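This document starts with one chain, in the form deposited in one PDB entry, laid out as structure tokens.
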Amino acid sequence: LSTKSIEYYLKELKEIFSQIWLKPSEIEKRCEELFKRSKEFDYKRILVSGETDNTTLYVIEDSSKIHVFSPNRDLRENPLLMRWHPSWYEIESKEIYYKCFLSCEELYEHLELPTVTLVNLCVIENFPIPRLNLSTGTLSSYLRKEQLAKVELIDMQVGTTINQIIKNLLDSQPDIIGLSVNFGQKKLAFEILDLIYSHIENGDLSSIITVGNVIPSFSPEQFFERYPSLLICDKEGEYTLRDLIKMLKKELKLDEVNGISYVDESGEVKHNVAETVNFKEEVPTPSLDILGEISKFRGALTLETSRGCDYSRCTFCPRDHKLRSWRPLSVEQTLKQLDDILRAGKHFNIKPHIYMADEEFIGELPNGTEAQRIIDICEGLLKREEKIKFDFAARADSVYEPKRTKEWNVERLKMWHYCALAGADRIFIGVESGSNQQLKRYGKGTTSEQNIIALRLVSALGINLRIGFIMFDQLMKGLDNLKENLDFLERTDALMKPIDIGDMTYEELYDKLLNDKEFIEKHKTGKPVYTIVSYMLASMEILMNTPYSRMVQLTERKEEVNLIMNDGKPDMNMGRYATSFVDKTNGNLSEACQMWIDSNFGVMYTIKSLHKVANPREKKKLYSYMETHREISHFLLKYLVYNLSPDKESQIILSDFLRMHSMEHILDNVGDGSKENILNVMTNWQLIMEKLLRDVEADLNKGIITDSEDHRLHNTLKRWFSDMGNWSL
């Protein structure tokens, strides 16, 4: 092969490899056709490995002549060649993109890659709209970039069924099978596992079996009881899979494999230490094998630009699986991976909107440069030809922290401005509470006024907001925290319209939003905070391994009460404890609010479903229903608390709200927090929901809104009217 004809094969390979959405078997197909075409030499076998900018073709003429093409990267950085021969190459050399290896017998053994099949489970009835699965996509890209294995990806999100999974597995004959098992997928996982082991027993498969993600990590005993040879990946999967591949080659013993729990021969459960992955530089662009099918389901692009939480102190948030340190992608890798995913999505006409999976997008570094890192990512996005939109999550104190200097906070505001400039769209802030006592119980580290100011600053930059809010928690005593929460949620001095920066410095804008009451009033949207709450009337869920669960167990012993039911055991499928409230009135209110939600779910689901596809004028009508429902749901709790503990100010607000909707006389005990009385009070309040749904009914009859073909709004409205006051579950 001439030195000029190297160049031609590289040129065409670069064009093949640029199509990063194709599965590796499809890439190999195009490589075979390119090499059979020139017919200026024949070969026995080809292998493609690597990914995106390091994709590599091996052409095995036989074991004594092996050609290696690396169009996108210096072959000297190839990790498979480096494992085979750490000094094969010349250090003083122009970059090398081709090399023929002659009489290199052991290189062939390195090119016999094991096969790994990774399966993302999905209960499709609960999640109709897929998102690119990072759980398996990053495990695949890590293995491909290290050239450790041929990886097959199966995603139940796009409709692949249990029986199709097994068919796939029989056809590919993998050496390692891995299932990602998430909340609510225990039964599905056990079904797939039963069939895998049934076929191992029958001799149709021989594979190391492993499961990963949070459900088996937290509850390994229920898995080991049914599958005692199963290997559970406790934390990150990358090095775990690397080491199972080594163990396949007898290069590691089982008790050396990174980050797994297993049953040894004596019957005892072992856990191996998990070395935290070098995420900054070893985990590349998620594999995009499934992207085409995801686009057919109108699915979403996703990326994780950091792992972990440097704060890690919220008492309801368990840190054992996700870890207590923050590991960011480099600015360079973040921009590259975003470019890859956006280019691949554009190929399938997926719109350029990235959902960042990060637990904490902004983070914190020992050198304090985290804000400059974000600004540098934003500057890179602003250099692109096309704009993007992106969503992410952040704590309120990643916006505003009065324990830090004014200069820290002013630079924080500049950072958030660059986020808005680069496309920050809907941002989730974990406010969680409006009550300083409850915030302390939540370990949030924030105050209620600090939360208000964070919302002011972000909303003023034109970023749209969503907030988590956990109204009820089991250790709350009395109604005081609920009153503080309701007052917080009714504040109208928090949400700002997008403010034109004009000539203001960052410091002047910051100063005005903190202190200038007239500025705040002029720019407010006038909407109360509860309008951006993600889930109204939410109650605490007590997950395993949390400080909050231990706080509960500690109240159980200190006041001699049995709060954790199921005889102290947790639920494996949901990774949480079933727990009752220390204050029985508060538990009654939480239960009532869940029943309220259940009673309106069918009709409000239908309204929201119709809203997705309505014309502009119907969309606004249906949206106004959803706004009014949220409003009625907020003042349900204000009304319940009023009937348990009245005050003058709350009475005025409820009377204002009634009078505002021409329905002050629709409503006509006290201090009685029994379930019976609360239900009776809520039956009364439900008359206000009836008044809203009578308008929906009239609008439907008038043709002002349009029903689905199966008459779903008609059907659910009819049921709702017939079910009034009838709180059976």
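Take the two forms, find the largest set of C-alpha atoms that superpose within 1.5 Å, and that set is the rigid core. Numbering starts at 1 and follows the sequence shown.
J.: Per the record, how many residues of the deposited chain fall between residue 668 and residue 669 without being modelled: none, 1 to 3, 4 to 9, or 10 or more?
T.: In the record, 4 to 9 residues between residue 668 and residue 669 lack coordinates.
J.: Going by the B-factors listed in the PDB entry, is the mean over the C-alpha atoms higher for 295-303 or for 501-509?
T.: Taking the mean B-factor of the alpha carbons in each, 501-509 is higher.
J.: Is the mean CA B factor in the deposited entry higher across 215-223 or across 592-600?
T.: Of 592-600 and 215-223, the stretch with the higher C-alpha B-factor average is 215-223.
J.: I'd like to know which of 624, 579, 210, 136 has the highest C-alpha temperature factor in the PDB entry.
T.: Within the set 624, 579, 210, 136, 579 shows the top C-alpha B-factor.
J.: Among the candidates 462, 184, 345, 363, give the one with the maximum CA B-factor reported in the record.
T.: So the option with the highest C-alpha B-factor is 184.
J.: Comparing residue 683 with the other modelled residues of its chain, is its CA B-factor in the lowest, middle or highest third?
T.: Ranked within chain, residue 683 CA B lands in the middle tercile.
J.: Report the third (lowest, middle or highest) to which the CA temperature factor of residue 120 belongs, ranking only the modelled residues of the same chain.
T.: Lowest third - that is where residue 120 ends up once the chain's C-alpha B-factors are sorted.
J.: Taking the values exactly as deposited, rank residue 645 by C-alpha B-factor within its chain and report the matching third: lowest, middle or highest.
T.: Its C-alpha B-factor belongs to the highest third of this chain's values.
J.: Please place residue 128 in the lowest, middle or highest third of its chain according to the CA B-factor in the PDB entry.
T.: Ranked within chain, residue 128 CA B lands in the highest tercile.
J.: Going by the recorded CA B-factors, say which third of the chain residue 279 sits in, lowest, middle or highest.
T.: Its C-alpha B-factor belongs to the lowest third of this chain's values.
Separately, the form deposited in another entry exists; it is not shown, and the next lines address it.
J.: Scan 264, 125, 500, 112 for the one whose CA shifts by 2 Å or more between the shown form and the other one after superposing the rigid core, and name it.
T.: If I go through the list carefully, the shifting residue is 125.
J.: Using a superposition on the rigid core, decide whether the Cα position of residue 723 changes by 2 angstroms or more between the shown form and the other one.
T.: It does, since the residue 723 C-alpha is displaced 2 Å or more between the shown form and the other one after the core fit.
J.: Using a rigid core alignment, state whether the CA of residue 102 is displaced by 2 Å or more between the shown form and the other one.
T.: Result for residue 102: no, shift under 2 Å.
J.: Using a superposition on the rigid core, decide whether the Cα position of residue 560 changes by 2 angstroms or more between the shown form and the other one.
T.: Shift of 2 Å or more: no.
J.: Check residue 131 against residue 176 at the C-alpha atoms and report closer or farther in the other form, compared with the shown form; the change is 3 Å or more.
T.: Distance between the C-alphas of residue 131 and residue 176: longer in the other form, by 3 Å or more.
J.: Residue 131 and residue 169: do their C-alpha atoms lie closer or farther in the other form than in the form you see, with a change of 3 Å or more?
T.: Between the C-alphas of residue 169 and residue 131, the gap widens in the other form (3 Å or more compared with this form).
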